[PDB]
Amino acid sequence: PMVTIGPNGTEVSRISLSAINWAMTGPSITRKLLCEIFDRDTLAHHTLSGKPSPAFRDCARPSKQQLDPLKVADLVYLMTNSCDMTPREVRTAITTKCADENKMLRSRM
Amino acid sequence: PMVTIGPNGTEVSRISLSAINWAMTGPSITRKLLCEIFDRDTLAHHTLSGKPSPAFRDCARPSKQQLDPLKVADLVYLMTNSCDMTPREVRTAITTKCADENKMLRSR
DNA sequence: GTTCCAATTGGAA
DNA sequence: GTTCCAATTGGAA
């Protein structure tokens, strides 16, 4: 039914796990899991660290609550053991997914 | 004298090559070769693509040129055949060095 | 429809 | 004295 990703006990189903083509790039697979671990609006209103951008402290932008550190830690643990990538690659794939989810939400308006 | 880097025909200091510790990270070594291939004033005025930032298209920033594509292509060629890092990593290390060298000038 | 590019920034590392 | 982290952008791929 469901499978724990990492030591923290965060889990997704085997159905969506088996519905993934592992022939594509790591970051893309990471984005596929984020829509399976988190929801759409959560990714759109959260960031990787919960910090504001240093390049916008003048004009500012909506402060976003930090994503779950425990859930992300398992994802980083997965990709580094399965696809054998670096945590830097994963955390960059994550921080660019939340940003793209923020774009798309604005596209409905 | 000086040693070529890639097929596009760009060379670097033969001494400086020997003075590089390859035990370091990919991006690190890449940031050491850039200062030996490009002048510091060039890095502080040039970028990877030459394009401006999409987040600052209305906020007009001073124009910064593009680094020599042939010189960059050889740099990317070296790291992939030696340290076996990805072209992604190399191009990201370059766009930071050019951004960091600009921070040096801004402080001065 | 989604991802990639890479430029910009300040403090932290 | 340098590098790293990652947030944010709009068009390009």
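Residues numbered from 1 in each chain as written, not as in the entry; some residues may be left out. Chains lettered and ligands numbered in written order. Heavy atoms only, no water. Residues with missing side-chain atoms left out of burial classes, pairs and counts.

As documented in the archive entry, the model was determined using X-ray crystallography at 3.2065 Å resolution.

Draft legend 1. Examining the state of the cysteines more closely. Within this structure, the stated rule accounts for zero disulfides over all chains. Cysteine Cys-59 of chain B is unpaired, with the sulfur of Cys-59 of chain A as its nearest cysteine sulfur at 6.6 Å. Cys-35 of chain B provides the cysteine sulfur closest to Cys-83 of chain B, a residue in no disulfide bond, and the two sulfurs are 17 Å apart. On the basis of relative accessibility, which here comes to 33%, the residue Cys-83 of chain B falls in the partly exposed class. (Disulfide = S-S within 2.5 Å. Buried < 20%, exposed > 50% of the residue type's maximum accessible area, 1.4 Å probe, protein only.)

Draft legend 2. Local environment of the environment of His-45 of chain B. Residue and element names in this part refer to chain B. With respect to the helices and strands, the residue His-45 is situated in the loop between α3 (40-43) and β3 (46-47). Along the primary structure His-45 and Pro-27 are separated by 18 residues, whereas in three dimensions their C-alpha atoms are 20 Å apart. For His-45, the residues in contact, after removing those within four places along its chain, are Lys-64, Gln-65 and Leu-105. (Helix = DSSP H or I, 4+ residues; strand = E, 2+ residues; numbered from the N terminus. Contact = heavy atoms within 4.5 Å.)

Draft legend 3. Quick look at the nonpolar core. The biggest cluster of nonpolar side chains holds 20 residues, and the ones touching the most others in it are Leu-33, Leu-67, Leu-75, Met-79 and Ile-94 of chain B. Of all elements in the fold, only α2 (26-37), α4 (69-81) and α5 (87-107) of chain B reach the threshold of two or more residues within this core. A per-element tally of this core places α4 of chain B first, with five residues. With 19 residues, the next largest nonpolar core counts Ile-20, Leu-34, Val-76 and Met-79 of chain A among its residues. (Core = buried A, V, L, I, M, F, W, Y, C linked by side-chain atoms within 4.5 Å.)

Draft legend 4. Expanded view of the UniProt feature "domain: BEN" in chain A. Taken from the UniProt record, the annotation "domain: BEN" applies to residues 6-105 of chain A. From the first C-alpha to the last, residues 6-105 of chain A spans 30 Å; its make-up is 55% helix and 7% strand. (UniProt positions renumbered as here; feature names shortened; annotations may be inferred.)

Draft legend 5. Summary view of the protein's contact with DNA strand C. The environment of DNA strand C is made up of 22 residues, and the closest members are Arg-31 of chain A together with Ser-49, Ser-53, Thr-95 and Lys-103 of chain B. By atom count, sugar and phosphate contribute 69% of the portion of DNA strand C lying within 4 Å of the protein. Separating a base oxygen of DNA strand C from a side-chain N or O atom of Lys-103 of chain B is a distance of 2.7 Å. The element best represented in the surface near DNA strand C is α5 of chain B, accounting for five residues. Of the residues that constitute the surface near DNA strand C, the class distribution is six nonpolar, four polar and twelve charged. (Near = heavy atom within 4 Å. Polar contact = N/O pair within 3.5 Å; in protein donor to acceptor, adjacent residues only side chain to side chain. Nonpolar A, V, L, I, M, F, W, Y, C, P; charged D, E, K, R; others polar.)

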